[PDB]
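Take a look at this one chain, the form deposited in one PDB entry, written out in structure tokens.
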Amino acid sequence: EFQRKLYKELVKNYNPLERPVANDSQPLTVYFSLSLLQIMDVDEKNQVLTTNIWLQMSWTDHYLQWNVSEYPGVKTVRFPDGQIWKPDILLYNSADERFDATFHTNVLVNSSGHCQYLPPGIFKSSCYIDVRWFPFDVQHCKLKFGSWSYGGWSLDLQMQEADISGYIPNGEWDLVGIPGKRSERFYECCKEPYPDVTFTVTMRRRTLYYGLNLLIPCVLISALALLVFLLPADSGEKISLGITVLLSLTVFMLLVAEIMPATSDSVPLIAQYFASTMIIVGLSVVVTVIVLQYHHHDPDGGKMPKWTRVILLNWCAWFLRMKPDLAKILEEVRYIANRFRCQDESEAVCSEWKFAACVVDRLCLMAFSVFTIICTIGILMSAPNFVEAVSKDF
């Protein structure tokens, strides 16, 4: 009875085109906020953030009021899209192909005329995703909301703090906060300033996954390249080991290239460490070629330089703690015996060149091991969030 009577009366002469103020010269205060249920997807490559959000819009509708004693039991009424005036608040920085992704629900109105409009939606929004420190990165994705076609003279947009009471944690992203800011900007279209309310979703990436799936595997696989320095030259597999490990590491940059936007704004930290590793492994192959030249050095070819004999076999080697008819028969056997002496003399020259190769391996083992260690630590610890990350995620 009363519900039926109220609805009929409330729509009488109601025009949803009309901004529901008793005084047209005054603006309409609209309180705006949102509830952040969950961060669904942070697309780095396309620079889009996906969130499950419940917008929260409240205002007073001067015409939607009644005395509850004349309609007992009817404390609230509901109105669907198009039958009541509502604010045209949109996400400016939407990435959604239909632009407005909100699911229109009922506006809930109480007898004093206070309206509650809480449309849910899956929102896609453009977010400059800074990849400089990936995987130890923190993002600040803006969500700018404002009335599209009412400026500050007609619609006084006001902010209320975001609700995260129902926030469900992501797994990849720790929510740091969703602070909000209400600004009043002018646009080149119009002479009226249009207020907006922007919420900044601050997110720390949780680093365990990429620590285990990219960083640590690259460390361990690249160190396998350093075993080339311990592998004997006579194995005939130094180059196969080195070049095979090097080209396998390309998978990691391919994986990174599948996550990262193709931008020139910064060079991601992960890329810097992967580039350093492949350069170090590539130089290990370069050094390996030198070691093989020494190992295989032709004994009749050019003699070992004095510098080589001292810088490698003396100094570096010490530091590393390495260190009638009888006459004819006589001349024939002399030849055979002297022939062996030359062979053995050439053997000793070869041995020194092979010893030089071993010493070069040993110095390069220590040098590439130490150089691998410092470049890795230095690159990873240059991230401001590294210490926080290691403490929180590991």
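We number the residues from 1 along the sequence you see. By rigid core we mean the largest C-alpha set that fits within 1.5 Å across both forms.
A.B. asks: What does the record say about the segment between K181 and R182: how many deposited residues are without coordinates (none, 1 to 3, 4 to 9, 10 or more)?
C.D. replies: Gap between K181 and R182: none.
Same protein, other form: the form deposited in another entry, not shown, and the subject of what follows.
A.B. asks: Core-aligned, between this form and the one not shown, one residue among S346, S35, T60, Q38 moves its CA by 2 Å or more. Tell me which.
C.D. replies: The displaced C-alpha is that of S346.
A.B. asks: Inspect the rigid-core superposition and answer whether the C-alpha of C189 shifts by 2 angstroms or more between this form and the one not shown.
C.D. replies: Yes, the C-alpha moves 2 Å or more.
A.B. asks: Inspect the rigid-core superposition and answer whether the C-alpha of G166 shifts by 2 angstroms or more between this form and the one not shown.
C.D. replies: No, shifts by less than 2 Å.
A.B. asks: With both forms fitted on the core, give yes or no for whether the Cα of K303 moves by 2 angstroms or more between this form and the one not shown.
C.D. replies: Where the cores coincide, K303 still shows a C-alpha shift between this form and the one not shown that is 2 Å or more.
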